[PDB]
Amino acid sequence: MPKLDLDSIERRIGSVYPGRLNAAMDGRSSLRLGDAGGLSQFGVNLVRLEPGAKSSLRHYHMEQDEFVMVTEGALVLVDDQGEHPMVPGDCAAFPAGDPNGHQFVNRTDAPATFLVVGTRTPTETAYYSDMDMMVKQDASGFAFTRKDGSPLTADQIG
């Protein structure tokens, strides 16, 4: 049965961010549509942002292409060029390696949802625009460090 049942898919909350940063994703939840569907080459997540919530800390990927479509509510795409409003049907593309850190923020008083597609790759590196952090992802998970590879500090993550 290729047709997915969204009401059955587990709703995920929280984040992999370290220390105080985990709290930054309060109001973000998601359904992993790709995994539910048995796909392995890319991920597909339907992400829901409560009022005030954000999709991620502002970043860009080195290895994975990313595509987003807003499905409901209204969002703000924040990148190097500033704020870009996004309504339902609006789409954004983030080519792997393009050093323009991006995030979506819900500044409205209603929930907003968006579809995000990202290539699955054995390894990944993301750089965070707004602070001295980067992450290295492999099959075992995520290693967050400063941009020089040294550990994140208490001053940084509590």
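Counting begins at 1, following the sequence as shown.
Relative to its counterpart among 149-157 and 1-9, 1-9 has the higher mean temperature factor, C-alpha atoms as listed in the PDB entry. In the deposited entry, the Cα temperature factor of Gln64 places it in the middle third of its chain's modelled residues. When all modelled residues of the chain are sorted by CA temperature factor, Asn100 is found within the highest third.
When the CA B factors of the chain's modelled residues are split into thirds, the value for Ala143 lands in the highest one. Sort the modelled residues of the chain by CA B factor and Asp35 lands in the middle third.
Among the modelled residues of its chain, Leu21 has a C-alpha B-factor that falls in the highest third, as given in the PDB entry.
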